[PDB]
Amino acid sequence: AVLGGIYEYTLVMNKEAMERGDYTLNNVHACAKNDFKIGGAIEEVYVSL
Amino acid sequence: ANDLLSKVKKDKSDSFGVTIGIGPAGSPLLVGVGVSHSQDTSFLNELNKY
């Protein structure tokens, strides 16, 4: 028989990572314009609107 | 660790006006018409979670 003994050691490591990203944008512009003018003159009646 | 965020804003604007002028002459006459309108809308919403 041999007299040696036992000496041991161990180590374990772990790591995890995660990232999430979400972005959105919406922009709508609406513009409407009109111009209407009428003219009437006779001689006697005058019409305008 | 978790993070949640949401911030939204809404804006709306509208305006219109009508003007009418009618007058017969020949006995001069005058008629005036004025119309005005304006509309504004604003919305704000913000959410945050951790």
# chains A, B, ... in the order shown; residues from 1 in each chain; ligands from 1
call {"tool": "interface_residues", "arguments": {"of": "chain B", "to": "chain A", "cutoff": "8 Å", "atoms": "only C-alpha atoms", "output": "list in words"}}
result
residues 20, 21, 22, 23, 24, 25 and 26 of chain B
call {"tool": "select_by_dssp", "arguments": {"residues": "chain B", "states": "strand (DSSP E or B)", "output": "PyMOL selection string"}}
result
chain B and resi 4-16+19-22+31-34+37-49
call {"tool": "write_last_selection", "arguments": {"atoms": "N, CA, C and O atoms", "output": "compact mmCIF listing (two decimals), in the first residue's frame"}}
result
# COMPACT_ATOMS: atom_id res chain seq x y z
N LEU B 4 -39.51 48.42 -19.08
CA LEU B 4 -40.55 48.66 -20.08
C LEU B 4 -40.93 50.13 -20.04
O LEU B 4 -41.18 50.68 -18.96
N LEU B 5 -40.98 50.77 -21.21
CA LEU B 5 -41.30 52.18 -21.31
C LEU B 5 -42.11 52.43 -22.57
O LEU B 5 -41.88 51.79 -23.60
N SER B 6 -43.05 53.37 -22.48
CA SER B 6 -43.88 53.73 -23.63
C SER B 6 -44.47 55.11 -23.37
O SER B 6 -45.26 55.27 -22.43
N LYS B 7 -44.11 56.09 -24.20
CA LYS B 7 -44.60 57.45 -24.07
C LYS B 7 -45.01 57.95 -25.44
O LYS B 7 -44.16 58.09 -26.33
N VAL B 8 -46.30 58.24 -25.61
CA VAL B 8 -46.86 58.66 -26.89
C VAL B 8 -47.63 59.96 -26.69
O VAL B 8 -48.30 60.14 -25.67
N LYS B 9 -47.53 60.86 -27.67
CA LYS B 9 -48.24 62.13 -27.64
C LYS B 9 -48.91 62.37 -28.98
O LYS B 9 -48.33 62.09 -30.03
N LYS B 10 -50.14 62.88 -28.94
CA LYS B 10 -50.93 63.14 -30.13
C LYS B 10 -51.46 64.56 -30.09
O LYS B 10 -51.97 65.01 -29.06
N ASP B 11 -51.35 65.26 -31.22
CA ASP B 11 -51.81 66.64 -31.34
C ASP B 11 -52.56 66.81 -32.65
O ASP B 11 -52.13 66.30 -33.69
N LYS B 12 -53.69 67.51 -32.59
CA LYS B 12 -54.52 67.76 -33.76
C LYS B 12 -55.06 69.18 -33.71
O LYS B 12 -55.41 69.68 -32.64
N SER B 13 -55.14 69.82 -34.87
CA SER B 13 -55.61 71.19 -34.96
C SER B 13 -56.36 71.39 -36.27
O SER B 13 -55.94 70.88 -37.31
N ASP B 14 -57.47 72.12 -36.21
CA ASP B 14 -58.28 72.40 -37.39
C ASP B 14 -58.98 73.73 -37.20
O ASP B 14 -59.41 74.07 -36.10
N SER B 15 -59.10 74.49 -38.29
CA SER B 15 -59.75 75.79 -38.25
C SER B 15 -60.25 76.14 -39.64
O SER B 15 -59.56 75.92 -40.64
N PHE B 16 -61.46 76.69 -39.71
CA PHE B 16 -62.04 77.12 -40.97
C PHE B 16 -62.99 78.29 -40.73
O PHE B 16 -63.63 78.38 -39.69
N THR B 19 -66.72 83.68 -45.23
CA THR B 19 -67.16 85.07 -45.32
C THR B 19 -67.95 85.24 -46.61
O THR B 19 -67.48 84.84 -47.68
N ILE B 20 -69.13 85.84 -46.51
CA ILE B 20 -70.02 86.04 -47.65
C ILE B 20 -70.53 87.47 -47.62
O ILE B 20 -70.97 87.96 -46.57
N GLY B 21 -70.46 88.15 -48.77
CA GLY B 21 -71.01 89.48 -48.89
C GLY B 21 -71.84 89.65 -50.14
O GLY B 21 -71.33 89.53 -51.26
N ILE B 22 -73.13 89.95 -49.96
CA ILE B 22 -74.07 90.08 -51.07
C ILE B 22 -74.77 91.43 -50.94
O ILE B 22 -75.21 91.80 -49.85
N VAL B 31 -75.41 93.12 -47.48
CA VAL B 31 -75.56 92.01 -46.54
C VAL B 31 -74.18 91.43 -46.28
O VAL B 31 -73.44 91.14 -47.22
N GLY B 32 -73.84 91.27 -45.01
CA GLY B 32 -72.56 90.71 -44.61
C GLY B 32 -72.76 89.43 -43.82
O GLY B 32 -73.67 89.33 -43.00
N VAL B 33 -71.90 88.44 -44.09
CA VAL B 33 -71.95 87.15 -43.42
C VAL B 33 -70.54 86.78 -42.98
O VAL B 33 -69.60 86.83 -43.79
N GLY B 34 -70.39 86.42 -41.71
CA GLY B 34 -69.11 86.01 -41.18
C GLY B 34 -69.19 84.73 -40.38
O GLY B 34 -70.05 84.59 -39.51
N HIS B 37 -64.46 79.20 -37.17
CA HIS B 37 -64.43 77.92 -36.47
C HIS B 37 -62.99 77.50 -36.25
O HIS B 37 -62.13 77.71 -37.11
N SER B 38 -62.73 76.91 -35.08
CA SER B 38 -61.40 76.41 -34.75
C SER B 38 -61.53 75.21 -33.83
O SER B 38 -62.35 75.22 -32.90
N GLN B 39 -60.73 74.18 -34.09
CA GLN B 39 -60.74 72.95 -33.31
C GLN B 39 -59.31 72.52 -33.02
O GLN B 39 -58.47 72.50 -33.93
N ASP B 40 -59.04 72.18 -31.76
CA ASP B 40 -57.72 71.71 -31.35
C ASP B 40 -57.89 70.47 -30.48
O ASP B 40 -58.78 70.42 -29.62
N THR B 41 -57.03 69.48 -30.70
CA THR B 41 -57.07 68.23 -29.94
C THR B 41 -55.66 67.83 -29.56
O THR B 41 -54.76 67.82 -30.41
N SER B 42 -55.46 67.50 -28.28
CA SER B 42 -54.17 67.09 -27.77
C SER B 42 -54.34 65.86 -26.89
O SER B 42 -55.26 65.79 -26.07
N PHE B 43 -53.44 64.89 -27.06
CA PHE B 43 -53.48 63.65 -26.29
C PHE B 43 -52.06 63.29 -25.86
O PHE B 43 -51.12 63.38 -26.65
N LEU B 44 -51.92 62.88 -24.60
CA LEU B 44 -50.63 62.49 -24.05
C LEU B 44 -50.80 61.23 -23.22
O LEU B 44 -51.72 61.14 -22.40
N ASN B 45 -49.91 60.26 -23.43
CA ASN B 45 -49.93 59.01 -22.69
C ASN B 45 -48.50 58.53 -22.49
O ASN B 45 -47.71 58.50 -23.43
N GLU B 46 -48.17 58.16 -21.25
CA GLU B 46 -46.84 57.69 -20.91
C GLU B 46 -46.95 56.51 -19.96
O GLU B 46 -47.70 56.56 -18.98
N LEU B 47 -46.20 55.44 -20.25
CA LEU B 47 -46.19 54.24 -19.43
C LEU B 47 -44.75 53.80 -19.22
O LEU B 47 -43.94 53.80 -20.15
N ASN B 48 -44.43 53.41 -17.98
CA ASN B 48 -43.09 52.97 -17.63
C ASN B 48 -43.19 51.84 -16.62
O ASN B 48 -43.90 51.96 -15.62
N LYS B 49 -42.48 50.74 -16.88
CA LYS B 49 -42.49 49.58 -16.00
C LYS B 49 -41.07 49.06 -15.83
O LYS B 49 -40.31 49.00 -16.80
call {"tool": "atom_distance", "arguments": {"atom1": "CA of residue 28 in chain A", "atom2": "CA of residue 17 in chain B"}}
result
23.2 Å
call {"tool": "atom_distance", "arguments": {"atom1": "CA of residue 34 in chain A", "atom2": "CA of residue 35 in chain B"}}
result
15.1 Å
